[PDB]
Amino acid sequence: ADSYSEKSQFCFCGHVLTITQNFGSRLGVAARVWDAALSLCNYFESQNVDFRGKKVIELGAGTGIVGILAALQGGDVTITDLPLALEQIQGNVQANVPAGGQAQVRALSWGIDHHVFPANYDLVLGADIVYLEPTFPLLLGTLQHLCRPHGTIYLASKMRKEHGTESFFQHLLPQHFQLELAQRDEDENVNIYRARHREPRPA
């Protein structure tokens, strides 16, 4: 069969997001909009998360949907994935982000390419990116590097114990991050975590 695309339509925060998913062309999981992405976008809407002027990076963006919403909300956004997904992401940026929006696309293979990015992002985003246990230390170190001292990380995941999500969120991440369960969507079984660099306590 020919490769083909499917469009999925969304309206978040009053903006149109028309997201192309490129199937049959060997993107694998990067082609799909997964469930925690929708949850995270709905949370940015419901909580009126402020992106205006903030320096934002998305990891494992897939289609780019979350980072696109951040850019529509006024963020200065860098949307990243492996090289295989970047053309898809770029298409979705071109389709959705207006002239005054800021959304660049770059490769960032976790724990390999993080040192060609600065260490000064205000917001670091990841939806459906906690699923490959052998990658966990690479992701951890990437998060550490990107998030500026007073920055915030948002991670949204469908909870699946057999892929290591509890290990990640309940063992690895809390060691050096102050971690909040920002929201649990019981129906979707998606948790949204907010993380900040762990602070030594003064007393």
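One-based numbering along the sequence shown.
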Revision key, fill the gap. As the entry reports it, the stretch among 84-92 and 110-118 with higher mean C-alpha B factor is 110-118
Revision key, fill the gap. Once average C-alpha B-factors are taken from the entry for 98-106 and 122-130, the winner is 98-106
Review point. Per the PDB entry, which option out of 178, 39, 152, 63 has the greatest Cα B factor?
Key: 178
Check your understanding: Between 164, 137, 67, 28, which carries the biggest CA temperature factor in the record?
Key -> 164
Revision key, fill the gap. Of the three thirds of the chain ranked by Cα temperature factor, residue 34 occupies the lowest
**Study point:** Chain-wide C-alpha B factor ranking for residue 144, given as lowest, middle or highest third
**Key:** middle
Check your understanding: Against its chain's modelled residues, does residue 16's Cα B factor rank lowest, middle or highest third?
Key -> middle
Check your understanding: Among the modelled residues of its chain, does the C-alpha B-factor of residue 170 lie in the lowest, middle or highest third?
Key -> middle
